[PDB]
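One chain is shown next in structure tokens, namely the form deposited in one PDB entry.
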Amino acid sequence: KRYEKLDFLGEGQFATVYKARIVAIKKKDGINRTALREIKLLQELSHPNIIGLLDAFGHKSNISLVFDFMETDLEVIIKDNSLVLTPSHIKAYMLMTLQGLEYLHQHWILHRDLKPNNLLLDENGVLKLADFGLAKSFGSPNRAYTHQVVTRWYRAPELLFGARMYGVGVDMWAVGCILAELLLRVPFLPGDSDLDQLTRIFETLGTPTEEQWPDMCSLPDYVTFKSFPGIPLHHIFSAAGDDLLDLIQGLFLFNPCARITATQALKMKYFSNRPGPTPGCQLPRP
């Protein structure tokens, strides 16, 4: 083919990824459903902040998926002790993530696997959502989903209570967690199980009631907790300005309907106010 293998990048549980000459090639049930999901969704989408399926082909069961090669991801940036995340850098990452998510949601697709490692960065500082192996189309009535999606530290409380039907909130809450991970340089709510994740959520952000979440008791796996006051958001994020606290509070609203959407988040004063988001050229290199 035109794609000659150049270097090895890594191996995943469902496929192996290597850099080919510059692109990234990802390699009785038939073809893997994760690969089919990624193919069927990335062929229907085209946005600057969404990973692009440049080409696809293969032999028998194994399929080669061609993607643009990405230099790094947000997880490496966050975990990089040497790197310093100014509010401008945080704004830029948040803006690119939210623009990609807004495009994805306008086409009725939930990513459902949002985490810093799934936000890839190229050499030009353009952030792209990757790993659509869990993504699904949303908006169809009477079509139950699964509540186990999203890595636990980023899983929304409605999911942890067993929500079969949901919307963009499951991405939005994950986005908030990423934002928290961008501000603290450490994961925000590192639970050990579903109950521990719910406990950390309800300890840091207070337990919610019917006043904040009217129909929470109807979720099949709803568990009653003790009442925690919850740390005020300004104590958790001391260096954050008022607009950033407004954005975080909107992202972390317990009611997923009231939770701010990607478009609503992009219209918030946080992105409009000074300083502006850092251009991709000057974004930190890990």
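Just so we're on the same page, rigid core means the largest C-alpha set that superposes within 1.5 Å between forms. Don't overthink the numbering: it's just position in the shown sequence, from 1.
Student: I'd like the number of residues from the deposited sequence that lie between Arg21 and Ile22 yet are not in the model, binned as none, 1 to 3, 4 to 9, or 10 or more.
Tutor: Count of unmodelled residues in between: 4 to 9.
Student: How much of the deposited sequence is absent from the coordinates between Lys27 and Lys28: none, 1 to 3, 4 to 9, or 10 or more residues?
Tutor: Going from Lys27 to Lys28, the model skips 4 to 9 residues of the deposited sequence.
If you look for the form deposited in another entry, you will not find it shown, but the lines that follow are about it.
Student: If I superpose the two forms on their rigid core, does the C-alpha of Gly276 end up displaced by 2 Å or more between this form and the one not shown?
Tutor: No, shifts by less than 2 Å.
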